[PDB]
Amino acid sequence: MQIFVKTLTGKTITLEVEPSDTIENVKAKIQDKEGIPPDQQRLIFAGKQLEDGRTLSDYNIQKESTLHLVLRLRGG
Amino acid sequence: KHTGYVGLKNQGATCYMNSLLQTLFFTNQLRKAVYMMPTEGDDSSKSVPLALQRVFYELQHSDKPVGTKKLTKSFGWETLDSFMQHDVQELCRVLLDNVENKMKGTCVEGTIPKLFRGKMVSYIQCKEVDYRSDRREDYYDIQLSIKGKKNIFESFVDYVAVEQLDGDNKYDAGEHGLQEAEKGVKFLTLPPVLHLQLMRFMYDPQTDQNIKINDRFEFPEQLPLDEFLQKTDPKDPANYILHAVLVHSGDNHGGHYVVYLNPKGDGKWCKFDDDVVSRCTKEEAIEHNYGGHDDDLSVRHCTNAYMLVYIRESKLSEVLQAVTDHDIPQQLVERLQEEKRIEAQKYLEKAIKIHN
Ligand SMILES: [Ca+2]
């Protein structure tokens, strides 16, 4: 299926994924389209940050769901 | 000092935590709800809601800096994780989701969504084929694009404007195969308490490093957002007031977090840097944190707002309603006093997970 990821710019990209895909697979599939390593990327879906090890279906991600990609401003 | 307010002890890297705690503590309506959470039967070495009532009680009563020691313990964290630097917004999304889950089933069930959640729409229209799809999302914050945008208003426009799903990102029309389309996003509702995350970073794959955006970005004291709603309400305009400015200083690897606040909703502001609380001007809290500021004693170049908190004019007497001891249950009060008395007698994860 085809979901939406909203990059750092704000531009919307598309990803082909099955609902059985782990978040790591989704992050790795962002890496091929955007170049961002899976380490540095955080995914947010309706306020819940996505967790490595769960799958898209566990968060009820369906066609046309928009995932928000953000990074980490670390701090002290 | 004549701030009356007290800061938080920093266990090592916990400024991101301290800055958030203040922001939430002064979200009054929220602080009340935390107080009324059933915890008599909870285990303090493991209860996050308990440790929060604890930090909120001492931030309200103590005239000495509050320790956040037990709060990390309730995360299921060891001492080392208190020396890890984290994104303040990442904490916000993990903590609030954890807590909303614990409030489920109690009397204060779903208090968090009532304050922070809104809705929006995502319209897709194929350019060549008559095919129109609609989807709707909830949000507890908004990611505002920063690079190239003067201020909050422009950043909203780019958020709500019409994008192009062209070439390598065609929309799956199922029957009609792949299709060039146009996506546009209108806001349906705006929450009583608005969390804004300023996308102050990017990543270049050609160079392979992520950079902090220290550019200038302007945010007003009053934020009329009615224009970005799909249907407006006359009895409730989408007018917001600045409440908190979460400030990250440093760029790239390092960091340090602070929060500026006018808790009571007045014009008086205060700077909460960990245990130190000091009064300050509006300019010190707003204009100084615009970023792109040239490294002077009054303001450093790599110091700028990363999260903003806005409260709807309409629902603002409600959100910032006063917190007395009348709103604190007696059963809580006793448990913390007994904790005091017994005390007198006497790879590292870089991903910020809460385990309880
Ligand atoms: Ca200025």
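Residues numbered from 1 in each chain as written, not as in the entry; some residues may be left out. Chains lettered and ligands numbered in written order. Heavy atoms only, no water. Residues with missing side-chain atoms left out of burial classes, pairs and counts.

This entry, as listed in the PDB, derives from X-ray crystallography and reports a resolution of 3.3210 Å.

*Asks:* Can you walk me through the side chain of B:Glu137 in this structure?
*Replies:* Counting through the fold element by element, B:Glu137 comes out in strand β2 (residues 132-139). Put simply, B:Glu137 is tucked away with no salt bridge, and the nearest opposite charge, on B:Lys183, sits 5.5 Å away. Separated by 2.7 Å, the side chains of B:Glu137 and A:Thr66 make a polar contact. In this structure, B:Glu137 is in contact with A:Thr66, A:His68, B:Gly118, B:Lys119 and B:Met120, ignoring residues within four places of it in sequence. (Helix = DSSP H or I, 4+ residues; strand = E, 2+ residues; numbered from the N terminus. Buried < 20%, exposed > 50% of the residue type's maximum accessible area, 1.4 Å probe, protein only. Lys, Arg positive; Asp, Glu negative; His and termini not counted. Salt bridge = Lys/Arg side-chain N within 4 Å of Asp/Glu carboxyl O. Polar contact = N/O pair within 3.5 Å; in protein donor to acceptor, adjacent residues only side chain to side chain. Contact = heavy atoms within 4.5 Å.)

*Asks:* Is there a simple way to think about the packing of helix α2 (residues 28-35) of chain B against helix α3 (residues 48-61) of chain B in this case?
*Replies:* Packed helix pairs are characterised by how far apart their axes lie and by the angle those axes make with each other. All names here are of chain B. Running from N to C, α2 and α3 cross one another at 125 degrees; their axes reach a closest spacing of 9 Å. On the basis of the axis angle, α2 is oblique to α3. The two elements α2 and α3 meet at a crossing, and its hand is left-handed. From α2, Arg31, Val34 and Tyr35 reach across to α3, where they touch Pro49, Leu52, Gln53, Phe56, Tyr57 and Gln60. (Axes fitted to C-alpha atoms, helices over the stretch in contact; angles between N-to-C directions. Parallel < 35°, antiparallel > 145°, perpendicular 65-115°, else oblique. Left-handed = near helix turned anticlockwise from the far one by under 90°.)

*Asks:* It is not clear to me how a positive patch on the surface should be interpreted in this structure. Could you clarify?
*Replies:* On the surface, B:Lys1, B:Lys264, B:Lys268 and B:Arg279 cluster together to form a positively charged patch. Assessed through its relative accessible area of 76%, B:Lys1 is described here as exposed. (Patch = residues over 30% accessible without salt bridge, like charges linked within 9 Å, V, L, I, M, F, W, Y side chains within 5 Å. Areas by Shrake-Rupley, 256 points an atom, 1.4 Å probe, with all protein chains shown as cover. Charge placed at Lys NZ, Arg CZ, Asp CG, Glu CD.)

*Asks:* Help me understand the environment of A:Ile13, please; the structure alone is not making it clear to me.
*Replies:* Its location among the elements puts A:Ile13 in strand β2 (residues 12-16). A relative accessible area of 6% places A:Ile13 in the buried class. Taking the C-alpha atoms as reference, A:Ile13 lies 20 Å from A:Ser57; in sequence the two are 44 residues apart. Contact partners of A:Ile13, with chain neighbours within four places excluded, come to A:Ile3, A:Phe4, A:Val5, A:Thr7, A:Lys33, A:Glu34 and B:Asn169.

*Asks:* Would you mind showing me how to read the packing of α3(B) against helix α5 (residues 88-103) of chain B here?
*Replies:* Residue and element names in this part refer to chain B. At their nearest, the axes of α3 and α5 sit 10 Å apart, and the two run at 110 degrees to each other. Our classification of the angle between α3 and α5 gives roughly perpendicular. Contacts between α3 and α5 involve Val48, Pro49 and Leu52 on the former and, on the latter, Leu95, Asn98, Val99 and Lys102. Grouping the constituent residues of the contact of α3 with α5 by class yields five nonpolar, one polar and one charged. (Nonpolar A, V, L, I, M, F, W, Y, C, P; charged D, E, K, R; others polar.)

*Asks:* Whenever I open this one, the sheet that holds β2(A) confuses me. Can you help?
*Replies:* Consider a sheet: its strands pair through backbone hydrogen bonds, and that pairing is either parallel or antiparallel. Pairing in this open sheet of five strands is mixed, and the strands run β2-β1-β5-β3-β4 (chain A) from one edge to the other. Only two strands of the sheet have a single neighbouring strand rather than two, namely β2 and β4 (48-49) of chain A. By the bridge criterion, three bridges tie strand β3 (residues 42-45) of chain A to strand β5 (residues 66-70) of chain A in an arrangement that is antiparallel. Counted as the bridge partner of A:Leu43 is A:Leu69 from β5(A). In the packing of α5(B) onto the sheet, the strands contacted are β3, β4 and β5 of chain A, and the crossing angle to β3(A) comes to about 40 degrees. (Pairing = 2+ DSSP bridges.)

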